[PDB]
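Report on the structure given below.
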Amino acid sequence: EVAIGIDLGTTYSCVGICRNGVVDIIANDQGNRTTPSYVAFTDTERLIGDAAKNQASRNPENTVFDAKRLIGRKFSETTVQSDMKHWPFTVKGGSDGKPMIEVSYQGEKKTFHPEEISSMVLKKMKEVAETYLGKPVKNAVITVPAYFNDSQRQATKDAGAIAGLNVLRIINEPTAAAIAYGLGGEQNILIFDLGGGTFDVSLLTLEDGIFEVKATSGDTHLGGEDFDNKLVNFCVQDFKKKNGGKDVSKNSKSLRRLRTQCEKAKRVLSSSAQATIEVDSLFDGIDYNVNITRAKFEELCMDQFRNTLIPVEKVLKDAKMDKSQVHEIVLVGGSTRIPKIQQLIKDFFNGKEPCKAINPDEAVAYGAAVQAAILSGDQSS
Ligand SMILES: Nc1ncnc2c1ncn2[C@@H]1O[C@H](COP(=O)(O)OP(=O)(O)NP(=O)(O)O)[C@@H](O)[C@H]1O
Ligand SMILES: [Mg+2]
């Protein structure tokens with residue numbers, strides 16, 4: 001009878017439950033309200049979530065992420081050829097044309113389909129809910145991007161079945177976000193979703209409790225990781241100017257340790273004017289330290305931030321509607337916490353305040369949890 005909503009994110013996943021028309025987003029074992037979509041294999045164990053992400057730089061070959069970029073795709077697809085330059089783990093095509101992710105686990109070569117890796121993240125999110133509820137969970141609504149095709153949706157559903165979930169429904173991420181905010185006649189809703197890996201803009205219409213996706217645009221390779229990379233590239237150049245041209249970029253472990261700290265500084269800069277990036281013994285036993293102002297971060301990311309408005313203009317053009325006709329702008333995704341992004345969007349919409357009351361990296365799971373409760377016969381929301 002217990003049903004949960006799950007955001008299966010490219011970078012971070014999130015689980016919620018709606019009971020008595022109230023939605024709890026469930027914290028994991030480390031107290032985090034979102035969980036990295038990471039799976040690692042070591043000599044002794046299978047790590048999922050925070051524990052997998054935290055040892056990525058010590059075990060790059062056997063730490064799997066971005067399975068969402070492979071799920072329901074043929075290995076020969078041009079998106080896979082393009083994306084695989086980003087992965088330190090091995091991916092090969094099977095005789096059925098399906099990607100096979102190859103790792104070493106307890107001294108043995110093992111291969112997994114993308115939906116098997118995604119099943120392990122879903123199983124972790126199921127266990128997070130079960131620990132909180134102190135009861136087994138069987139039923140779930142799982143979200144997917146609006147642009148997901150029938151193969152990607154069915155592979156996501158299969159991941160749920162492998163994780164031990166009865167998948168009540170697959171619903172669109174942008175629709176889930178709109179459902180979270182309870183969005184009176186006809187309403188034009190823009191979902192601006194900027195996560196860790198991807199940027200999705202969706203224009204929805206809502207007449208008589210019925211959502212339709214009118215238009216979608218974005219960039220499958222713009223997200224928080226790209227802003228982290230802007231800080232990494234700066235720090236690499238800054239280290240050169242401090243340490244007689246020495247090049248941190250030659251050491252992939254040095255880059256990963258630097259990237260981890262750039263991501264932390266980026267988060268601090270969403271609520272402070274300044275942050276420190278610090279890595280003890282970064283490269284050649286040399287300590288690295290630098291102070292980054294919010295202004296410098298904004299400068300490094302200036303083009304990427306401003307270009308987020310281009311897909312906004314494109315969905316409005318495709319829907320043949322003026323920005324003045326948008327009733328709600330919903331901020332979704334962890335990167336929408338960046339003040340400069342919030343200011344650019346507000347200014348574009350002529351000072352209209354976006355809907356951002358729900359922690360933006362939780363809104364999709366929140367909506368999924370509402371839909372899961374409704375489809376279980378609970379009319380309280
Ligand atoms: N306070 C913050 N300031 C800036 N970025 C943040 C903040 N909190 C989290 N993030 C970033 O949010 C991103 C993760 O967004 P999230 O919406 O959880 O991912 P997702 O659901 O997996 N989306 P996607 O990766 O696009 O599929 C990471 O790049 C984080 O660094
Ligand atoms: Mg996503």
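Convention: chains lettered A, B, ... in structure tokens order; per-chain residue numbering from 1; ligands numbered from 1 as shown.
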
Where does chain A meet ligand 2 within 10 Å, residue by residue, with the nearest atom pair and distance in Å to one decimal for each, counting only C-alpha atoms and all ligand atoms, listed by chain and rising number, as a Markdown table?
```
| residue | atom | partner | partner_atom_place_in_ligand_line | distance |
| --- | --- | --- | --- | --- |
| A:7 | CA | ligand 2 | 1 (Mg) | 8.5 |
| A:8 | CA | ligand 2 | 1 (Mg) | 7.5 |
| A:9 | CA | ligand 2 | 1 (Mg) | 4.7 |
| A:10 | CA | ligand 2 | 1 (Mg) | 4.8 |
| A:11 | CA | ligand 2 | 1 (Mg) | 7.4 |
| A:12 | CA | ligand 2 | 1 (Mg) | 8.5 |
| A:13 | CA | ligand 2 | 1 (Mg) | 9.2 |
| A:66 | CA | ligand 2 | 1 (Mg) | 9.8 |
| A:68 | CA | ligand 2 | 1 (Mg) | 7.9 |
| A:69 | CA | ligand 2 | 1 (Mg) | 9.2 |
| A:143 | CA | ligand 2 | 1 (Mg) | 9.3 |
| A:144 | CA | ligand 2 | 1 (Mg) | 7.4 |
| A:145 | CA | ligand 2 | 1 (Mg) | 6.3 |
| A:146 | CA | ligand 2 | 1 (Mg) | 9.9 |
| A:173 | CA | ligand 2 | 1 (Mg) | 8.0 |
| A:193 | CA | ligand 2 | 1 (Mg) | 8.4 |
| A:194 | CA | ligand 2 | 1 (Mg) | 8.5 |
| A:195 | CA | ligand 2 | 1 (Mg) | 6.6 |
| A:196 | CA | ligand 2 | 1 (Mg) | 7.9 |
| A:197 | CA | ligand 2 | 1 (Mg) | 6.9 |
| A:198 | CA | ligand 2 | 1 (Mg) | 5.8 |
| A:199 | CA | ligand 2 | 1 (Mg) | 7.8 |
| A:200 | CA | ligand 2 | 1 (Mg) | 8.0 |
| A:220 | CA | ligand 2 | 1 (Mg) | 8.4 |
| A:223 | CA | ligand 2 | 1 (Mg) | 9.6 |
| A:333 | CA | ligand 2 | 1 (Mg) | 8.5 |
```

Please write the residues from the selection above to a file, keeping N, CA, C and O atoms, as a tab-separated table (two decimals), in the first residue's frame.
```
chain	number	residue	atom	x	y	z
A	7	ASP	N	12.89	10.57	-8.05
A	7	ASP	CA	13.68	11.28	-9.09
A	7	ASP	C	14.97	10.48	-9.31
A	7	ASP	O	15.86	10.47	-8.40
A	8	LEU	N	15.03	9.76	-10.42
A	8	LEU	CA	16.29	9.08	-10.84
A	8	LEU	C	17.09	10.05	-11.71
A	8	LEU	O	16.85	10.13	-12.90
A	9	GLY	N	17.94	10.84	-11.06
A	9	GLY	CA	18.69	11.95	-11.68
A	9	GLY	C	19.92	11.42	-12.43
A	9	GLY	O	20.42	10.28	-12.13
A	10	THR	N	20.41	12.19	-13.38
A	10	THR	CA	21.72	11.88	-14.03
A	10	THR	C	22.81	11.87	-12.96
A	10	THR	O	23.64	10.93	-12.96
A	11	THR	N	22.81	12.86	-12.07
A	11	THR	CA	23.89	13.09	-11.09
A	11	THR	C	23.39	12.79	-9.68
A	11	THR	O	24.17	12.21	-8.92
A	12	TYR	N	22.16	13.18	-9.34
A	12	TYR	CA	21.62	12.98	-7.97
A	12	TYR	C	20.19	12.51	-8.01
A	12	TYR	O	19.39	13.06	-8.78
A	13	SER	N	19.86	11.54	-7.15
A	13	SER	CA	18.52	10.94	-7.06
A	13	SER	C	17.88	11.37	-5.72
A	13	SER	O	18.59	11.81	-4.82
A	66	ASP	N	26.53	8.43	-14.59
A	66	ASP	CA	25.97	8.81	-15.90
A	66	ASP	C	25.29	7.62	-16.59
A	66	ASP	O	25.10	7.70	-17.80
A	68	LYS	N	22.29	7.08	-16.71
A	68	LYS	CA	21.08	7.66	-17.31
A	68	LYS	C	21.36	8.06	-18.78
A	68	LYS	O	20.40	8.17	-19.55
A	69	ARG	N	22.60	8.38	-19.12
A	69	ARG	CA	23.00	8.80	-20.50
A	69	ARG	C	23.07	7.57	-21.42
A	69	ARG	O	23.00	7.77	-22.65
A	143	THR	N	10.31	9.13	-12.31
A	143	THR	CA	10.29	10.24	-13.27
A	143	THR	C	11.37	10.02	-14.35
A	143	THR	O	12.40	9.40	-14.08
A	144	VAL	N	11.13	10.58	-15.52
A	144	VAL	CA	12.08	10.62	-16.66
A	144	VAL	C	12.00	11.99	-17.31
A	144	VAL	O	10.99	12.70	-17.22
A	145	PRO	N	13.03	12.39	-18.07
A	145	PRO	CA	12.96	13.63	-18.84
A	145	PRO	C	11.86	13.50	-19.90
A	145	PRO	O	11.59	12.40	-20.37
A	146	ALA	N	11.19	14.60	-20.21
A	146	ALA	CA	10.12	14.67	-21.23
A	146	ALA	C	10.61	14.15	-22.59
A	146	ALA	O	9.80	13.53	-23.27
A	173	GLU	N	9.53	14.47	-15.65
A	173	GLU	CA	10.18	15.35	-14.65
A	173	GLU	C	9.48	16.71	-14.58
A	173	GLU	O	9.12	17.17	-13.48
A	193	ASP	N	14.91	23.80	-15.44
A	193	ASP	CA	15.53	22.69	-14.68
A	193	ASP	C	17.01	22.60	-15.02
A	193	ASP	O	17.34	22.17	-16.15
A	194	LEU	N	17.86	23.03	-14.12
A	194	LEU	CA	19.33	23.02	-14.32
A	194	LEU	C	19.95	22.19	-13.20
A	194	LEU	O	20.01	22.66	-12.06
A	195	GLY	N	20.30	20.95	-13.51
A	195	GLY	CA	20.85	19.99	-12.55
A	195	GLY	C	22.37	19.94	-12.56
A	195	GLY	O	23.04	21.00	-12.74
A	196	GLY	N	22.92	18.77	-12.31
A	196	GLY	CA	24.37	18.49	-12.34
A	196	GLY	C	24.89	18.24	-13.76
A	196	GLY	O	26.01	18.68	-14.05
A	197	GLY	N	24.13	17.59	-14.62
A	197	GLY	CA	24.59	17.23	-15.98
A	197	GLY	C	23.81	17.89	-17.09
A	197	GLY	O	24.39	18.00	-18.19
A	198	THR	N	22.54	18.25	-16.87
A	198	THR	CA	21.61	18.62	-17.94
A	198	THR	C	20.79	19.86	-17.61
A	198	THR	O	20.55	20.18	-16.41
A	199	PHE	N	20.35	20.50	-18.69
A	199	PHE	CA	19.51	21.70	-18.68
A	199	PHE	C	18.28	21.42	-19.54
A	199	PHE	O	18.43	21.09	-20.77
A	200	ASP	N	17.10	21.50	-18.93
A	200	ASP	CA	15.81	21.22	-19.60
A	200	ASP	C	14.85	22.37	-19.34
A	200	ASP	O	14.59	22.68	-18.15
A	220	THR	N	21.73	18.85	-23.14
A	220	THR	CA	22.04	17.61	-22.39
A	220	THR	C	23.44	17.68	-21.79
A	220	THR	O	23.81	16.73	-21.09
A	223	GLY	N	25.22	21.78	-17.13
A	223	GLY	CA	24.78	21.61	-15.72
A	223	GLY	C	25.85	22.05	-14.77
A	223	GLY	O	26.90	22.57	-15.25
A	333	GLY	N	16.15	21.80	-10.05
A	333	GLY	CA	17.54	21.40	-10.21
A	333	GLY	C	18.44	22.16	-9.28
A	333	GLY	O	18.22	23.38	-9.08
```

_stretch 18-91 of chain A: residues DSSP assigns to strand (DSSP E), reported as a VMD selection string_ = chain A and resid 18 to 19 22 to 25 35 to 36 39 to 41 46 to 48 63 to 64 90 to 91

Selected residues written out, N, CA and C atoms, as a PDB file, in the first residue's frame:
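Contents of the output file selection-v8.pdb:
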```pdb
ATOM      1  N   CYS A  18       4.296  10.979   0.183  1.00  0.00           N
ATOM      2  CA  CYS A  18       3.148  11.870   0.408  1.00  0.00           C
ATOM      3  C   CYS A  18       2.125  11.077   1.230  1.00  0.00           C
ATOM      4  N   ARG A  19       1.813  11.583   2.414  1.00  0.00           N
ATOM      5  CA  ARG A  19       0.917  10.936   3.406  1.00  0.00           C
ATOM      6  C   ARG A  19       0.071  12.056   4.005  1.00  0.00           C
ATOM      7  N   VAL A  22       0.705  15.564   2.874  1.00  0.00           N
ATOM      8  CA  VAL A  22       1.982  16.236   3.247  1.00  0.00           C
ATOM      9  C   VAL A  22       3.137  15.409   2.659  1.00  0.00           C
ATOM     10  N   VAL A  23       4.153  16.080   2.147  1.00  0.00           N
ATOM     11  CA  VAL A  23       5.254  15.382   1.417  1.00  0.00           C
ATOM     12  C   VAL A  23       6.521  15.481   2.243  1.00  0.00           C
ATOM     13  N   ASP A  24       7.050  14.343   2.656  1.00  0.00           N
ATOM     14  CA  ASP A  24       8.391  14.258   3.262  1.00  0.00           C
ATOM     15  C   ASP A  24       9.406  13.794   2.196  1.00  0.00           C
ATOM     16  N   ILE A  25      10.447  14.584   2.009  1.00  0.00           N
ATOM     17  CA  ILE A  25      11.674  14.174   1.267  1.00  0.00           C
ATOM     18  C   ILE A  25      12.594  13.502   2.274  1.00  0.00           C
ATOM     19  N   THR A  35      20.961  11.855  -3.150  1.00  0.00           N
ATOM     20  CA  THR A  35      21.960  10.785  -3.158  1.00  0.00           C
ATOM     21  C   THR A  35      22.615  10.737  -4.535  1.00  0.00           C
ATOM     22  N   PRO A  36      23.957  10.780  -4.635  1.00  0.00           N
ATOM     23  CA  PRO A  36      24.604  10.647  -5.942  1.00  0.00           C
ATOM     24  C   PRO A  36      24.183   9.375  -6.679  1.00  0.00           C
ATOM     25  N   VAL A  39      27.628   4.207  -8.510  1.00  0.00           N
ATOM     26  CA  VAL A  39      27.827   2.803  -8.046  1.00  0.00           C
ATOM     27  C   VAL A  39      29.312   2.466  -8.206  1.00  0.00           C
ATOM     28  N   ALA A  40      29.970   2.032  -7.136  1.00  0.00           N
ATOM     29  CA  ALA A  40      31.390   1.621  -7.197  1.00  0.00           C
ATOM     30  C   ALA A  40      31.532   0.144  -6.807  1.00  0.00           C
ATOM     31  N   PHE A  41      32.529  -0.501  -7.403  1.00  0.00           N
ATOM     32  CA  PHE A  41      32.921  -1.904  -7.110  1.00  0.00           C
ATOM     33  C   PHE A  41      34.378  -1.901  -6.643  1.00  0.00           C
ATOM     34  N   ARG A  46      30.312  -3.537  -2.932  1.00  0.00           N
ATOM     35  CA  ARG A  46      29.520  -2.700  -3.871  1.00  0.00           C
ATOM     36  C   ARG A  46      29.012  -1.487  -3.095  1.00  0.00           C
ATOM     37  N   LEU A  47      29.495  -0.296  -3.439  1.00  0.00           N
ATOM     38  CA  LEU A  47      29.117   0.988  -2.797  1.00  0.00           C
ATOM     39  C   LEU A  47      28.084   1.694  -3.685  1.00  0.00           C
ATOM     40  N   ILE A  48      27.080   2.322  -3.077  1.00  0.00           N
ATOM     41  CA  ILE A  48      26.020   3.082  -3.799  1.00  0.00           C
ATOM     42  C   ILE A  48      25.836   4.412  -3.097  1.00  0.00           C
ATOM     43  N   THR A  63      34.242   2.953 -10.666  1.00  0.00           N
ATOM     44  CA  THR A  63      33.196   3.869 -10.161  1.00  0.00           C
ATOM     45  C   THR A  63      32.314   4.313 -11.345  1.00  0.00           C
ATOM     46  N   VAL A  64      31.090   3.816 -11.397  1.00  0.00           N
ATOM     47  CA  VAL A  64      30.128   4.054 -12.512  1.00  0.00           C
ATOM     48  C   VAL A  64      29.179   5.202 -12.131  1.00  0.00           C
ATOM     49  N   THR A  90      34.958   1.559 -18.396  1.00  0.00           N
ATOM     50  CA  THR A  90      34.890   0.938 -19.736  1.00  0.00           C
ATOM     51  C   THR A  90      33.444   0.610 -20.099  1.00  0.00           C
ATOM     52  N   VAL A  91      33.042   1.011 -21.297  1.00  0.00           N
ATOM     53  CA  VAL A  91      31.737   0.634 -21.912  1.00  0.00           C
ATOM     54  C   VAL A  91      32.011   0.045 -23.300  1.00  0.00           C
TER      55      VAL A  91
END
```

*When you draw a straight line from atom 12 (O, counted along the ligand's line) of ligand 1 to atom CA of residue A:361, how long is it in Å?*
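Computing it gives 7.0 Å between the two atoms.
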
*Who sits within 10 Å of residue A:355, only C-alpha atoms, same chain under 3 positions skipped, as JSON, numbers by chain*: {"A": [178, 181, 191, 328, 329, 330, 331, 332, 352, 358, 360]}

*List every residue of stretch 138-213 of chain A that DSSP, applied to the backbone of this structure, assigns to alpha helix (DSSP H), and report them as a ChimeraX atom specification.*
/A:150-162,173-180

*Which residue gives the smallest distance to residue A:227 among A:335, A:175, A:343, A:139, with only C-alpha atoms counted?*
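Closest to residue A:227, using only C-alpha atoms: A:335.
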
At a cut-off of 12 Å, can you tabulate as JSON lines every residue of stretch 135-198 of chain A near stretch 102-118 of chain A together with its closest atom pair and the distance in Å to one decimal, using only C-alpha atoms and ordering rows by chain then number?
```
{"residue": "A:142", "atom": "CA", "partner": "A:118", "partner_atom": "CA", "distance": 11.6}
{"residue": "A:151", "atom": "CA", "partner": "A:115", "partner_atom": "CA", "distance": 11.2}
{"residue": "A:152", "atom": "CA", "partner": "A:115", "partner_atom": "CA", "distance": 9.5}
{"residue": "A:153", "atom": "CA", "partner": "A:115", "partner_atom": "CA", "distance": 10.6}
{"residue": "A:154", "atom": "CA", "partner": "A:115", "partner_atom": "CA", "distance": 9.7}
{"residue": "A:155", "atom": "CA", "partner": "A:115", "partner_atom": "CA", "distance": 6.0}
{"residue": "A:156", "atom": "CA", "partner": "A:115", "partner_atom": "CA", "distance": 6.4}
{"residue": "A:157", "atom": "CA", "partner": "A:115", "partner_atom": "CA", "distance": 8.7}
{"residue": "A:158", "atom": "CA", "partner": "A:115", "partner_atom": "CA", "distance": 6.8}
{"residue": "A:159", "atom": "CA", "partner": "A:115", "partner_atom": "CA", "distance": 4.7}
{"residue": "A:160", "atom": "CA", "partner": "A:118", "partner_atom": "CA", "distance": 8.2}
{"residue": "A:161", "atom": "CA", "partner": "A:115", "partner_atom": "CA", "distance": 9.9}
{"residue": "A:162", "atom": "CA", "partner": "A:116", "partner_atom": "CA", "distance": 7.3}
{"residue": "A:163", "atom": "CA", "partner": "A:116", "partner_atom": "CA", "distance": 8.5}
{"residue": "A:164", "atom": "CA", "partner": "A:116", "partner_atom": "CA", "distance": 12.0}
```

*So which residues touch residue A:129 within 9 Å, counting only C-alpha atoms, skipping near sequence neighbours fewer than 5 positions away, as a VMD selection string?*
chain A and resid 4 15 to 17 26 to 28 124 134 to 137
